[PDB]
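Single chain ahead, by itself, as structure tokens, in the form deposited in one PDB entry.
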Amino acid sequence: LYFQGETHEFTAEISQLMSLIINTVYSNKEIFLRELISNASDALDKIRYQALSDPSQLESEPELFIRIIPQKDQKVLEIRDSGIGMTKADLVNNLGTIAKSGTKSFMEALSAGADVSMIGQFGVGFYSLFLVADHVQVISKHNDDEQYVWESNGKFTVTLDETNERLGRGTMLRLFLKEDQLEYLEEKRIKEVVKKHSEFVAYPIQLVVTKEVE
């Protein structure tokens, strides 16, 4: 169903090319944020749905939200949602994996100069993160599993989370931004991008800003 079956061994070189392709094809780099919000919206839909039959699934994190937390000190942009979350197996599948179907369609679409604006539907959207970031940490907690951290920059690694604060449920993406892409820690820019590709989202998109007072 996906490239290299599922397993990812001695294939760091591929991540560079996909990153190089996506960095060359997508000159408007703000679309990484649109894909994050779209991923988070889908995650919230799934837990809301399965909470209709079994409302006890919402007790881990009662509220359903998307939250963007720019960390100016650490040069990190954090995007958290309270969706269904990801087990260890789910993290390995969704993160860093390529689908032969999507890539073949993506590559072929590039050949004919066809509309590739919607990156998510080629199963390749993961590497849009590397448009703005040099490293990525994914913290996730699924009701049926413990909290795990997936991170790469590349070598993939899923580590049991024994340090970060506890998420009730859901996923947090920590983006270590490139030195030229720090514009995405600023409030104005974030609202600009969110306002663009977020009209149709049914969940609140919250922005946490720390400003000094005069």
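Note that the rigid core is defined as the largest set of C-alphas that superpose within 1.5 Å between two forms. Each residue number is its position in the shown sequence, starting from 1.
- In this entry, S41 and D42 are joined directly, with no residue of the deposited sequence lacking coordinates between them.
- Averaged over CA atoms, B-factors in the entry run higher in 99-107 than in the other of 135-143 and 99-107.
- Taking the PDB entry as given, 113-121 carries the higher mean Cα B factor of the two stretches 113-121 and 72-80.
- By the numbers in the PDB entry, the CA B factor is greatest at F156 among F156, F176, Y49, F65.
- Among the modelled residues of the chain, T24 sits in the lowest third by CA temperature factor in this PDB entry.
- The entry lists a Cα temperature factor for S56 that places it in the highest third of the chain's modelled residues.
- The deposited CA B-factor of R166 belongs to the highest third of values across its chain.
- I190 sits in the lowest third of its chain by CA B factor, as recorded in the PDB entry.
- Among all modelled residues in this chain, the alpha-carbon of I205 has a temperature factor (C-alpha) in the lowest third.
Note that the form deposited in another entry isn't included here; everything after this is about it.
- The Cα shift for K72 between this form and the one not shown, taken after rigid core superposition, is smaller than 2 angstroms.
- For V136, a C-alpha deviation below 2 angstroms is recorded between this form and the one not shown after rigid-core alignment.
- A displacement of 2 angstroms or greater separates the C-alpha positions of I22 between this form and the one not shown, with the rigid core held in common.
- Compared with the form shown, the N23-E30 C-alpha separation increases in that other deposited form, the change being 3 Å or greater.
- Distance between the C-alpha atoms of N23 and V193: longer by at least 3 Å in that other deposited form than in the displayed form.
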